[PDB]
>>> print(open('model10.cif').read())   # mmCIF, C-alpha atoms
data_final
#
loop_
_atom_site.label_atom_id
_atom_site.label_comp_id
_atom_site.auth_asym_id
_atom_site.auth_seq_id
_atom_site.Cartn_x
_atom_site.Cartn_y
_atom_site.Cartn_z
CA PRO M 1 5.33 6.08 -12.02
CA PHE M 2 3.29 4.60 -9.17
CA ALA M 3 -0.40 4.85 -8.33
CA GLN M 4 -1.80 4.20 -4.87
CA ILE M 5 -5.56 3.69 -5.24
CA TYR M 6 -8.12 3.98 -2.45
CA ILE M 7 -11.55 2.40 -3.02
CA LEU M 8 -14.36 1.29 -0.76
CA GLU M 9 -14.77 -2.39 0.04
CA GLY M 10 -17.31 -4.30 -1.99
CA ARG M 11 -16.13 -4.05 -5.58
CA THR M 12 -15.92 -7.05 -7.88
CA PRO M 13 -12.56 -8.65 -8.69
CA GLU M 14 -13.17 -7.70 -12.33
CA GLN M 15 -13.41 -4.04 -11.33
CA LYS M 16 -10.18 -4.28 -9.36
CA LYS M 17 -8.33 -5.91 -12.27
CA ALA M 18 -9.71 -3.14 -14.50
CA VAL M 19 -8.41 -0.54 -12.03
CA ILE M 20 -4.93 -2.04 -12.35
CA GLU M 21 -5.16 -2.32 -16.14
CA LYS M 22 -6.73 1.07 -16.95
CA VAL M 23 -4.71 3.11 -14.44
CA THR M 24 -1.50 1.50 -15.72
CA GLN M 25 -2.51 2.35 -19.31
CA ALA M 26 -3.47 5.88 -18.22
CA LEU M 27 -0.03 6.46 -16.69
CA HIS M 28 1.70 4.94 -19.73
CA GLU M 29 -0.15 7.29 -22.09
CA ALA M 30 0.14 10.41 -19.93
CA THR M 31 3.87 10.11 -19.22
CA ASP M 32 5.15 7.70 -21.92
CA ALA M 33 6.76 5.63 -19.16
CA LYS M 34 7.53 2.05 -20.03
CA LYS M 35 4.82 -0.23 -18.68
CA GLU M 36 7.56 -2.32 -17.08
CA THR M 37 8.18 0.56 -14.64
CA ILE M 38 4.54 1.25 -13.68
CA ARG M 39 3.12 -0.01 -10.40
CA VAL M 40 -0.46 0.29 -9.14
CA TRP M 41 -1.76 -1.05 -5.85
CA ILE M 42 -5.21 -0.86 -4.27
CA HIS M 43 -6.29 -0.26 -0.67
CA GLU M 44 -9.85 -1.44 -0.02
CA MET M 45 -11.33 0.69 2.78
CA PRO M 46 -14.16 -0.49 5.03
CA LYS M 47 -17.21 1.73 4.71
CA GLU M 48 -16.92 2.56 8.43
CA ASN M 49 -13.39 3.87 7.69
CA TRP M 50 -14.26 6.31 4.88
CA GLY M 51 -15.46 9.82 5.76
CA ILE M 52 -17.18 12.21 3.36
CA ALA M 53 -17.92 15.64 4.84
CA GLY M 54 -17.75 14.13 8.33
CA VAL M 55 -20.14 11.22 7.62
CA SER M 56 -18.97 7.66 7.00
CA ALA M 57 -19.75 5.74 3.84
CA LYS M 58 -21.52 3.21 6.10
CA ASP M 59 -24.01 5.73 7.53
CA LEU M 60 -24.58 7.05 4.00
CA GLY M 61 -25.26 3.57 2.60
CA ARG M 62 -28.29 3.44 4.93
CA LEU M 63 -29.83 6.31 2.97
CA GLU M 64 -31.24 6.95 -0.43
CA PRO D 1 -12.20 6.48 -5.49
CA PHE D 2 -8.90 8.29 -4.96
CA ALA D 3 -5.55 7.94 -6.71
CA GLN D 4 -2.28 9.09 -5.17
CA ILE D 5 0.29 9.29 -7.98
CA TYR D 6 4.06 9.31 -7.54
CA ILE D 7 6.18 10.54 -10.47
CA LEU D 8 9.71 11.84 -10.81
CA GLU D 9 10.30 15.57 -11.12
CA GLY D 10 10.78 16.94 -14.61
CA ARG D 11 7.56 16.15 -16.45
CA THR D 12 5.71 18.72 -18.53
CA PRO D 13 2.54 20.37 -17.21
CA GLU D 14 0.69 18.78 -20.13
CA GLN D 15 1.76 15.33 -18.92
CA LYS D 16 0.59 16.12 -15.40
CA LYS D 17 -2.81 17.34 -16.62
CA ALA D 18 -3.05 14.14 -18.70
CA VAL D 19 -2.25 12.09 -15.58
CA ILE D 20 -5.18 13.74 -13.81
CA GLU D 21 -7.49 13.35 -16.81
CA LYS D 22 -6.63 9.78 -17.84
CA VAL D 23 -6.38 8.33 -14.33
CA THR D 24 -9.75 9.90 -13.46
CA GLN D 25 -11.26 8.39 -16.62
CA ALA D 26 -9.61 5.05 -15.84
CA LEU D 27 -11.17 4.95 -12.37
CA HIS D 28 -14.56 6.04 -13.75
CA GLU D 29 -14.55 3.21 -16.29
CA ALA D 30 -13.16 0.52 -13.97
CA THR D 31 -15.53 1.19 -11.07
CA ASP D 32 -18.42 3.17 -12.64
CA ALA D 33 -17.97 5.78 -9.91
CA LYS D 34 -19.35 9.20 -10.66
CA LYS D 35 -16.57 11.50 -11.82
CA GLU D 36 -17.73 14.01 -9.21
CA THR D 37 -16.42 11.64 -6.51
CA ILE D 38 -13.01 10.88 -8.06
CA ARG D 39 -9.87 12.59 -6.77
CA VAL D 40 -6.33 12.29 -8.12
CA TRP D 41 -3.29 14.08 -6.77
CA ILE D 42 0.37 13.95 -7.81
CA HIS D 43 3.57 13.90 -5.76
CA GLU D 44 6.60 14.95 -7.80
CA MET D 45 9.68 13.24 -6.33
CA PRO D 46 13.22 14.60 -6.71
CA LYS D 47 15.45 12.16 -8.55
CA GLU D 48 17.71 12.00 -5.48
CA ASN D 49 14.64 10.82 -3.50
CA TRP D 50 13.63 7.88 -5.72
CA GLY D 51 15.34 4.51 -5.26
CA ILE D 52 15.23 1.64 -7.74
CA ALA D 53 16.97 -1.53 -6.54
CA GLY D 54 19.02 0.56 -4.11
CA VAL D 55 20.18 3.14 -6.69
CA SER D 56 18.66 6.61 -7.00
CA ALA D 57 17.06 7.91 -10.17
CA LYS D 58 19.72 10.67 -10.08
CA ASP D 59 22.69 8.27 -10.22
CA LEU D 60 20.90 6.34 -12.97
CA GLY D 61 20.29 9.48 -15.04
CA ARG D 62 24.08 9.81 -15.32
CA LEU D 63 24.16 6.56 -17.28
CA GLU D 64 23.05 5.25 -20.60
CA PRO Q 1 -2.22 7.41 15.90
CA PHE Q 2 -0.87 9.23 12.85
CA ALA Q 3 -2.53 11.65 10.44
CA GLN Q 4 -1.21 12.34 6.95
CA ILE Q 5 -2.86 15.56 5.73
CA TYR Q 6 -3.13 16.67 2.11
CA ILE Q 7 -3.90 20.35 1.45
CA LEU Q 8 -3.47 22.65 -1.52
CA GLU Q 9 -0.57 25.09 -1.59
CA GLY Q 10 -1.30 28.63 -0.52
CA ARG Q 11 -2.48 28.38 3.07
CA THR Q 12 -1.15 30.61 5.83
CA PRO Q 13 1.36 29.28 8.36
CA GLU Q 14 -1.25 29.94 11.06
CA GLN Q 15 -3.67 27.61 9.27
CA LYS Q 16 -1.01 24.90 9.03
CA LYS Q 17 -0.16 25.19 12.74
CA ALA Q 18 -3.90 24.97 13.46
CA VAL Q 19 -4.11 21.83 11.31
CA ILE Q 20 -1.40 20.24 13.45
CA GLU Q 21 -2.97 21.42 16.71
CA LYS Q 22 -6.64 20.64 15.98
CA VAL Q 23 -6.06 17.31 14.23
CA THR Q 24 -3.83 16.20 17.12
CA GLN Q 25 -6.54 17.21 19.61
CA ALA Q 26 -9.18 15.48 17.46
CA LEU Q 27 -7.23 12.20 17.52
CA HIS Q 28 -6.57 12.53 21.27
CA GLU Q 29 -10.28 12.96 21.99
CA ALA Q 30 -11.53 10.31 19.54
CA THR Q 31 -9.13 7.56 20.64
CA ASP Q 32 -7.88 8.70 24.08
CA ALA Q 33 -4.32 8.19 22.85
CA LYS Q 34 -1.65 10.05 24.73
CA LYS Q 35 -0.69 13.21 22.87
CA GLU Q 36 2.94 12.11 23.14
CA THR Q 37 2.17 9.31 20.65
CA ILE Q 38 0.26 11.38 18.07
CA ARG Q 39 1.94 12.52 14.85
CA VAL Q 40 0.50 14.73 12.12
CA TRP Q 41 2.30 15.82 8.98
CA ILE Q 42 1.15 17.93 6.04
CA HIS Q 43 1.74 17.57 2.30
CA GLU Q 44 1.14 20.83 0.43
CA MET Q 45 0.05 19.98 -3.13
CA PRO Q 46 0.51 22.35 -6.08
CA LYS Q 47 -2.80 23.30 -7.63
CA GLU Q 48 -1.65 21.75 -10.92
CA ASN Q 49 -1.19 18.45 -9.01
CA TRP Q 50 -4.69 18.19 -7.49
CA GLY Q 51 -7.52 16.70 -9.56
CA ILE Q 52 -11.22 17.02 -8.75
CA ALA Q 53 -13.50 15.09 -11.12
CA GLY Q 54 -10.74 15.14 -13.75
CA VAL Q 55 -10.07 18.91 -13.55
CA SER Q 56 -7.11 20.40 -11.71
CA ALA Q 57 -7.45 22.89 -8.87
CA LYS Q 58 -5.44 25.29 -11.07
CA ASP Q 59 -7.94 25.26 -13.96
CA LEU Q 60 -10.76 25.63 -11.43
CA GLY Q 61 -9.11 28.63 -9.75
CA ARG Q 62 -9.49 30.47 -13.08
CA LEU Q 63 -13.27 30.26 -12.69
CA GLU Q 64 -15.94 31.65 -10.49
CA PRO O 1 -8.36 18.83 2.41
CA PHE O 2 -7.84 15.11 3.00
CA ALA O 3 -6.68 13.20 6.08
CA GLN O 4 -5.23 9.70 5.92
CA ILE O 5 -5.35 8.28 9.46
CA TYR O 6 -3.29 5.35 10.73
CA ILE O 7 -4.46 3.63 13.94
CA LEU O 8 -3.82 0.26 15.51
CA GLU O 9 -6.45 -2.46 15.22
CA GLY O 10 -8.78 -2.91 18.16
CA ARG O 11 -10.60 0.40 18.52
CA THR O 12 -14.35 0.63 18.95
CA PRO O 13 -16.58 1.67 16.04
CA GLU O 14 -17.60 4.70 18.12
CA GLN O 15 -13.96 5.80 18.30
CA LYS O 16 -13.57 5.41 14.54
CA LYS O 17 -16.72 7.45 13.84
CA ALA O 18 -15.36 10.08 16.25
CA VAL O 19 -12.05 10.09 14.34
CA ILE O 20 -13.96 10.86 11.14
CA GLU O 21 -16.14 13.49 12.82
CA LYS O 22 -13.50 15.31 14.89
CA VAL O 23 -10.74 15.25 12.26
CA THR O 24 -13.21 16.60 9.67
CA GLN O 25 -14.22 19.38 12.09
CA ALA O 26 -10.55 20.06 12.87
CA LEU O 27 -9.73 20.53 9.18
CA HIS O 28 -12.84 22.68 8.65
CA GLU O 29 -11.84 25.00 11.50
CA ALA O 30 -8.12 25.14 10.68
CA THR O 31 -8.52 25.86 6.96
CA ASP O 32 -12.13 27.12 6.62
CA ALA O 33 -12.65 24.55 3.87
CA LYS O 34 -16.23 23.60 3.16
CA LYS O 35 -17.07 20.34 4.89
CA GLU O 36 -18.38 19.06 1.55
CA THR O 37 -14.76 18.97 0.31
CA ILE O 38 -13.18 17.23 3.32
CA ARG O 39 -12.33 13.53 3.21
CA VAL O 40 -10.94 11.38 6.01
CA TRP O 41 -10.18 7.68 5.78
CA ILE O 42 -8.72 5.26 8.32
CA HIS O 43 -6.19 2.44 7.95
CA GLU O 44 -6.36 -0.03 10.84
CA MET O 45 -2.90 -1.58 11.29
CA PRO O 46 -2.33 -5.00 12.88
CA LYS O 47 -0.21 -4.73 16.00
CA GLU O 48 2.39 -7.00 14.36
CA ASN O 49 2.61 -4.40 11.54
CA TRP O 50 3.33 -1.31 13.68
CA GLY O 51 6.91 -0.58 14.77
CA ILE O 52 7.90 1.85 17.52
CA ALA O 53 11.67 2.27 17.93
CA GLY O 54 12.19 -1.11 16.26
CA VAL O 55 9.70 -3.03 18.44
CA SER O 56 6.22 -4.00 17.28
CA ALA O 57 3.05 -2.92 19.06
CA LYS O 58 2.35 -6.65 19.54
CA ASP O 59 5.56 -7.34 21.50
CA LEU O 60 4.90 -4.19 23.53
CA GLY O 61 1.34 -5.24 24.37
CA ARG O 62 2.85 -8.23 26.21
CA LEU O 63 4.46 -5.81 28.67
CA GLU O 64 3.42 -3.44 31.36
CA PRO X 1 8.36 -4.47 -1.56
CA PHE X 2 8.11 -0.68 -1.42
CA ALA X 3 9.12 1.79 1.28
CA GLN X 4 7.70 5.30 1.51
CA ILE X 5 10.00 7.30 3.81
CA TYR X 6 9.09 10.53 5.58
CA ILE X 7 11.95 12.69 6.90
CA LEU X 8 12.28 16.32 7.90
CA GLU X 9 13.90 18.77 5.50
CA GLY X 10 17.55 19.56 6.09
CA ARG X 11 19.37 16.26 5.73
CA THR X 12 22.50 15.87 3.65
CA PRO X 13 22.36 14.20 0.22
CA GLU X 14 24.68 11.52 1.61
CA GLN X 15 22.11 10.70 4.31
CA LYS X 16 19.35 10.47 1.71
CA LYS X 17 21.40 8.14 -0.50
CA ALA X 18 22.11 6.04 2.61
CA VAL X 19 18.37 5.93 3.35
CA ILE X 20 17.77 4.50 -0.12
CA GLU X 21 20.68 2.06 0.14
CA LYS X 22 20.15 0.80 3.71
CA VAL X 23 16.35 0.57 3.55
CA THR X 24 16.62 -1.35 0.27
CA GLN X 25 19.14 -3.73 1.86
CA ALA X 26 16.92 -4.03 4.95
CA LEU X 27 13.92 -5.07 2.84
CA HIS X 28 16.06 -7.48 0.79
CA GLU X 29 17.31 -9.21 3.94
CA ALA X 30 13.97 -9.24 5.79
CA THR X 31 11.90 -10.62 2.90
CA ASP X 32 14.48 -12.14 0.51
CA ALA X 33 12.92 -10.12 -2.30
CA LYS X 34 15.11 -9.54 -5.31
CA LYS X 35 16.66 -6.09 -5.15
CA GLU X 36 15.39 -5.49 -8.68
CA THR X 37 11.84 -5.38 -7.26
CA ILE X 38 12.50 -3.06 -4.31
CA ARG X 39 11.54 0.62 -4.47
CA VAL X 40 12.18 3.31 -1.86
CA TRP X 41 11.21 6.95 -2.17
CA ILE X 42 11.61 9.85 0.25
CA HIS X 43 9.28 12.73 1.14
CA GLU X 44 11.13 15.64 2.75
CA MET X 45 8.72 17.47 5.06
CA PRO X 46 9.10 21.13 6.03
CA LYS X 47 9.55 21.54 9.76
CA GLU X 48 6.37 23.65 9.85
CA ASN X 49 4.53 20.63 8.36
CA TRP X 50 5.58 18.01 10.94
CA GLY X 51 3.63 17.70 14.20
CA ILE X 52 4.82 15.85 17.29
CA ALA X 53 2.28 15.75 20.13
CA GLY X 54 0.57 18.82 18.65
CA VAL X 55 3.76 20.92 18.32
CA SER X 56 5.57 21.45 15.02
CA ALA X 57 9.19 20.49 14.46
CA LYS X 58 9.80 24.20 13.72
CA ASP X 59 8.60 25.42 17.14
CA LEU X 60 10.62 22.62 18.75
CA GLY X 61 13.80 23.57 16.87
CA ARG X 62 13.66 26.92 18.71
CA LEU X 63 14.20 25.07 21.98
CA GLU X 64 16.89 23.13 23.70
CA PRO V 1 11.78 9.46 10.45
CA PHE V 2 8.89 7.23 9.39
CA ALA V 3 8.73 4.33 6.94
CA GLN V 4 5.50 3.14 5.34
CA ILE V 5 6.16 -0.33 3.92
CA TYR V 6 4.07 -2.07 1.26
CA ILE V 7 4.46 -5.85 0.89
CA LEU V 8 2.35 -8.58 -0.63
CA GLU V 9 0.27 -10.81 1.63
CA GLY V 10 1.74 -14.16 2.55
CA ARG V 11 4.96 -13.37 4.39
CA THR V 12 5.89 -15.01 7.68
CA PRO V 13 5.56 -13.11 10.96
CA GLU V 14 9.33 -13.46 11.36
CA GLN V 15 9.85 -11.63 8.07
CA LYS V 16 7.51 -8.84 9.16
CA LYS V 17 9.30 -8.43 12.50
CA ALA V 18 12.59 -8.33 10.56
CA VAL V 19 11.14 -5.62 8.30
CA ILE V 20 10.38 -3.52 11.38
CA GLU V 21 13.77 -4.23 12.96
CA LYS V 22 16.02 -3.82 9.90
CA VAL V 23 14.23 -0.81 8.41
CA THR V 24 14.35 0.92 11.81
CA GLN V 25 18.09 0.18 12.06
CA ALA V 26 18.57 1.35 8.46
CA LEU V 27 16.93 4.70 9.21
CA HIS V 28 18.89 5.06 12.46
CA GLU V 29 22.19 4.52 10.65
CA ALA V 30 21.37 6.63 7.58
CA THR V 31 20.10 9.68 9.48
CA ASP V 32 21.47 9.22 13.03
CA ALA V 33 17.95 9.75 14.35
CA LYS V 34 17.27 8.41 17.81
CA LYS V 35 15.53 5.05 17.59
CA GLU V 36 12.90 6.40 19.97
CA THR V 37 11.67 8.68 17.15
CA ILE V 38 11.57 6.08 14.35
CA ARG V 39 8.28 4.52 13.27
CA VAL V 40 7.73 1.79 10.69
CA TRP V 41 4.39 0.29 9.72
CA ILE V 42 3.48 -2.36 7.16
CA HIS V 43 0.57 -2.61 4.72
CA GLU V 44 0.02 -6.17 3.50
CA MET V 45 -1.53 -6.02 0.02
CA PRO V 46 -3.65 -8.81 -1.46
CA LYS V 47 -2.09 -10.23 -4.60
CA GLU V 48 -5.21 -9.19 -6.54
CA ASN V 49 -4.52 -5.60 -5.39
CA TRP V 50 -0.90 -5.30 -6.60
CA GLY V 51 -0.21 -4.37 -10.22
CA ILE V 52 3.13 -4.78 -11.98
CA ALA V 53 3.19 -3.44 -15.55
CA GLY V 54 -0.60 -3.76 -15.69
CA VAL V 55 -0.73 -7.39 -14.46
CA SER V 56 -1.68 -8.35 -10.91
CA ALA V 57 0.58 -10.33 -8.61
CA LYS V 58 -2.21 -12.95 -8.52
CA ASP V 59 -2.21 -13.57 -12.29
CA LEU V 60 1.59 -13.68 -12.19
CA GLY V 61 1.64 -16.24 -9.36
CA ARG V 62 -0.13 -18.64 -11.76
CA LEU V 63 2.97 -18.61 -13.96
CA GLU V 64 6.51 -19.77 -13.85
#
>>> encode(input="model10.cif", output="structure tokens")
Amino acid sequence: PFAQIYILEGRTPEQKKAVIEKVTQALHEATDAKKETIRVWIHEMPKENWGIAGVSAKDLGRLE
Amino acid sequence: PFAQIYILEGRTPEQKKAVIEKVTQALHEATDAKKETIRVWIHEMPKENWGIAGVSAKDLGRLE
Amino acid sequence: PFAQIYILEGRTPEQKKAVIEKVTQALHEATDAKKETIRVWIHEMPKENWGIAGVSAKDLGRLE
Amino acid sequence: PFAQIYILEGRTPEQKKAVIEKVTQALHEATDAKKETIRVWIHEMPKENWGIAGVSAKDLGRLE
Amino acid sequence: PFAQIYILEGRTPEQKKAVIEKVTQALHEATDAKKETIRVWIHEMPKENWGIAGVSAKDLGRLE
Amino acid sequence: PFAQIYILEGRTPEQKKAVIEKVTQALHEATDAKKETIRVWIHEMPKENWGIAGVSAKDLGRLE
């Protein structure tokens, strides 16, 4: 089982390692697949490239 | 944060619900993102459509 | 420019044709790319395979 | 409904904001989904990483 | 190295096995990656779900 | 037919051109699709962003 993860830019390397570790464990427990077979990779998206209801994460970050 | 999951066909609905639940929890804990923002969806791939080292999961399933 | 669209199962064929038409027009107008170059394809996801905040679209559809 | 957009590097930020805005509107009109649910994100591909009929956008950009 | 392949519905199983075999060999030769590490999977898209310049493969299939 | 390729960062430009060329040829031969229709694009993943059995390519690169 494979997981393709999409996150915004700006997260710590510790958080990205945890994404790999916890998502891999999550797939192992949910499907009982051998960890050897599990692959997880992470796309880091610029805030200008991430739209929520038609507004970019960048424009939202300017607000409270 | 979003997770696009690829699994082979043939898993129970309980396993697929667990994929959604555990991967969502994994992303929440790894990034501290609000669960409201997290999305996880699952592509179920036919065994004929899944290649490992040039051999399909289907041809492998014939073997021990 | 290419668009990979993810929607839930259960939409009319007219809505899917409109997705192809309107997304193609949207990319043409936003980037001025020739329509000849634009490609849009649609993955229809089972409601059991679509997680929102850890809950599947299927379990949500049972509710009001 | 979600849209994963693939464009070549080198487009203005105004064009990328327009991609987010117009694709979101396109999905809203085609499916009648609430804008709150719609997500659009953009991968910007290096010209060396984009093949058309076996030739990269980079090699093509050298030509007329 | 991983390859995610998108083809229209309607191809023979022999063609899909060849996709897995030849794409795997192509990645092995281009990158010198061990075949053990290479993964290739195939999404088969309904013709109604595949847009070329704003027109679906289905509407095109009606024409000559 | 389209191929979305995922490789680790750090490969030569010659290898990436070969990916585009050989994968395009592989799809042409496997499906008999006209080369004009074939598209191949390449995501280069940071080693920190690529998990194998729960361990990142980066941590593995430290080892023998």
>>> atom_distance(input="model10.cif", atom1="CA of residue 24 (chain Q)", atom2="CA of residue 42 (chain Q)")
12.3 Å
>>> closest_atom_pairs(input="model10.cif", of="chain O", to="chain V", cutoff="6 Å", atoms="all atoms listed in the file", output="tab-separated table")
residue	atom	partner	partner_atom	distance
O:49	CA	V:42	CA	4.9
O:50	CA	V:41	CA	4.4
O:51	CA	V:40	CA	4.8
O:52	CA	V:39	CA	5.0
O:53	CA	V:36	CA	4.8
O:54	CA	V:21	CA	4.8
>>> closest_residue(input="model10.cif", among="Q:32, Q:47, Q:64, Q:26", to="residue 7 (chain Q)", atoms="only C-alpha atoms")
Q:47
>>> atom_distance(input="model10.cif", atom1="CA of residue 15 (chain X)", atom2="CA of residue 48 (chain X)")
21.1 Å
>>> atom_distance(input="model10.cif", atom1="CA of residue 58 (chain X)", atom2="CA of residue 9 (chain X)")
10.7 Å
>>> calpha_fit_and_write(input="model10.cif", fixed="chain M", moving="chain O", output="mmCIF file with C-alpha atoms, in the coordinates of the input")
data_model
loop_
_atom_site.group_PDB
_atom_site.id
_atom_site.type_symbol
_atom_site.label_atom_id
_atom_site.label_comp_id
_atom_site.auth_asym_id
_atom_site.auth_seq_id
_atom_site.Cartn_x
_atom_site.Cartn_y
_atom_site.Cartn_z
ATOM 1 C CA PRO O 1 5.325 6.073 -12.022
ATOM 2 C CA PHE O 2 3.295 4.594 -9.168
ATOM 3 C CA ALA O 3 -0.408 4.852 -8.330
ATOM 4 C CA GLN O 4 -1.795 4.202 -4.862
ATOM 5 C CA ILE O 5 -5.557 3.685 -5.244
ATOM 6 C CA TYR O 6 -8.117 3.988 -2.452
ATOM 7 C CA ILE O 7 -11.548 2.396 -3.024
ATOM 8 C CA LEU O 8 -14.357 1.298 -0.758
ATOM 9 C CA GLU O 9 -14.770 -2.388 0.044
ATOM 10 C CA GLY O 10 -17.311 -4.309 -1.989
ATOM 11 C CA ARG O 11 -16.129 -4.051 -5.585
ATOM 12 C CA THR O 12 -15.922 -7.047 -7.884
ATOM 13 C CA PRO O 13 -12.560 -8.651 -8.688
ATOM 14 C CA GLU O 14 -13.166 -7.704 -12.332
ATOM 15 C CA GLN O 15 -13.408 -4.038 -11.338
ATOM 16 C CA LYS O 16 -10.173 -4.275 -9.358
ATOM 17 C CA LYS O 17 -8.324 -5.913 -12.269
ATOM 18 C CA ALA O 18 -9.710 -3.142 -14.500
ATOM 19 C CA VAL O 19 -8.412 -0.531 -12.030
ATOM 20 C CA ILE O 20 -4.932 -2.037 -12.348
ATOM 21 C CA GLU O 21 -5.166 -2.318 -16.137
ATOM 22 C CA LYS O 22 -6.725 1.069 -16.954
ATOM 23 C CA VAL O 23 -4.720 3.111 -14.433
ATOM 24 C CA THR O 24 -1.500 1.499 -15.723
ATOM 25 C CA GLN O 25 -2.514 2.354 -19.307
ATOM 26 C CA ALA O 26 -3.469 5.881 -18.215
ATOM 27 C CA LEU O 27 -0.028 6.468 -16.690
ATOM 28 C CA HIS O 28 1.702 4.938 -19.730
ATOM 29 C CA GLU O 29 -0.155 7.284 -22.088
ATOM 30 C CA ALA O 30 0.140 10.413 -19.931
ATOM 31 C CA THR O 31 3.870 10.103 -19.219
ATOM 32 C CA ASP O 32 5.155 7.698 -21.921
ATOM 33 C CA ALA O 33 6.759 5.634 -19.164
ATOM 34 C CA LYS O 34 7.535 2.046 -20.032
ATOM 35 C CA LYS O 35 4.824 -0.225 -18.684
ATOM 36 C CA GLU O 36 7.568 -2.327 -17.082
ATOM 37 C CA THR O 37 8.173 0.556 -14.638
ATOM 38 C CA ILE O 38 4.541 1.252 -13.683
ATOM 39 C CA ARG O 39 3.114 -0.006 -10.396
ATOM 40 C CA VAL O 40 -0.456 0.292 -9.146
ATOM 41 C CA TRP O 41 -1.762 -1.053 -5.859
ATOM 42 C CA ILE O 42 -5.206 -0.864 -4.266
ATOM 43 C CA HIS O 43 -6.290 -0.264 -0.666
ATOM 44 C CA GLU O 44 -9.851 -1.442 -0.024
ATOM 45 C CA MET O 45 -11.327 0.693 2.776
ATOM 46 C CA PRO O 46 -14.163 -0.489 5.036
ATOM 47 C CA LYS O 47 -17.202 1.738 4.708
ATOM 48 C CA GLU O 48 -16.924 2.567 8.428
ATOM 49 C CA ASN O 49 -13.384 3.862 7.686
ATOM 50 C CA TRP O 50 -14.260 6.312 4.879
ATOM 51 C CA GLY O 51 -15.467 9.819 5.764
ATOM 52 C CA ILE O 52 -17.189 12.205 3.358
ATOM 53 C CA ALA O 53 -17.918 15.642 4.844
ATOM 54 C CA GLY O 54 -17.752 14.128 8.331
ATOM 55 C CA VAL O 55 -20.138 11.220 7.628
ATOM 56 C CA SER O 56 -18.972 7.663 7.004
ATOM 57 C CA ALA O 57 -19.754 5.736 3.833
ATOM 58 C CA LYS O 58 -21.521 3.214 6.102
ATOM 59 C CA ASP O 59 -24.014 5.739 7.526
ATOM 60 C CA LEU O 60 -24.578 7.048 3.998
ATOM 61 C CA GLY O 61 -25.260 3.573 2.606
ATOM 62 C CA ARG O 62 -28.289 3.434 4.932
ATOM 63 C CA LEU O 63 -29.835 6.309 2.970
ATOM 64 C CA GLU O 64 -31.248 6.948 -0.425
#
>>> axis_aligned_box(input="model10.cif", around="region 51-64 of chain X", padding_each_side="3 Å", output="AutoDock Vina command-line options")
--center_x 8.7 --center_y 21.3 --center_z 18.7 --size_x 22.3 --size_y 17.2 --size_z 16.0
>>> decode(input="model10.cif", residues="region 10-37 of chain O", atoms="C-alpha atoms", output="PDB file, in the first residue's frame")
ATOM      1  CA  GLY O  10       7.277  30.005 -15.399  1.00  0.00           C
ATOM      2  CA  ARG O  11       3.727  31.282 -15.031  1.00  0.00           C
ATOM      3  CA  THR O  12       2.895  34.523 -13.258  1.00  0.00           C
ATOM      4  CA  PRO O  13       1.428  34.493  -9.743  1.00  0.00           C
ATOM      5  CA  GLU O  14      -1.672  36.163 -11.198  1.00  0.00           C
ATOM      6  CA  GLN O  15      -2.152  33.209 -13.553  1.00  0.00           C
ATOM      7  CA  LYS O  16      -1.796  30.754 -10.677  1.00  0.00           C
ATOM      8  CA  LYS O  17      -4.344  32.630  -8.545  1.00  0.00           C
ATOM      9  CA  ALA O  18      -6.660  32.627 -11.581  1.00  0.00           C
ATOM     10  CA  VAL O  19      -6.167  28.857 -11.918  1.00  0.00           C
ATOM     11  CA  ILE O  20      -7.318  28.433  -8.319  1.00  0.00           C
ATOM     12  CA  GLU O  21     -10.231  30.850  -8.737  1.00  0.00           C
ATOM     13  CA  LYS O  22     -11.538  29.714 -12.143  1.00  0.00           C
ATOM     14  CA  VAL O  23     -11.098  25.971 -11.575  1.00  0.00           C
ATOM     15  CA  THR O  24     -12.893  26.285  -8.225  1.00  0.00           C
ATOM     16  CA  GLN O  25     -15.741  28.179  -9.924  1.00  0.00           C
ATOM     17  CA  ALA O  26     -15.791  25.607 -12.739  1.00  0.00           C
ATOM     18  CA  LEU O  27     -16.210  22.740 -10.266  1.00  0.00           C
ATOM     19  CA  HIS O  28     -18.856  24.669  -8.307  1.00  0.00           C
ATOM     20  CA  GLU O  29     -20.912  25.246 -11.456  1.00  0.00           C
ATOM     21  CA  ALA O  30     -20.452  21.765 -12.940  1.00  0.00           C
ATOM     22  CA  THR O  31     -21.321  19.829  -9.775  1.00  0.00           C
ATOM     23  CA  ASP O  32     -23.162  22.381  -7.579  1.00  0.00           C
ATOM     24  CA  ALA O  33     -20.785  21.504  -4.747  1.00  0.00           C
ATOM     25  CA  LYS O  34     -20.452  24.080  -2.019  1.00  0.00           C
ATOM     26  CA  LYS O  35     -17.330  26.159  -2.560  1.00  0.00           C
ATOM     27  CA  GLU O  36     -16.367  25.410   1.044  1.00  0.00           C
ATOM     28  CA  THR O  37     -15.715  21.787  -0.002  1.00  0.00           C
TER      29      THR O  37
END
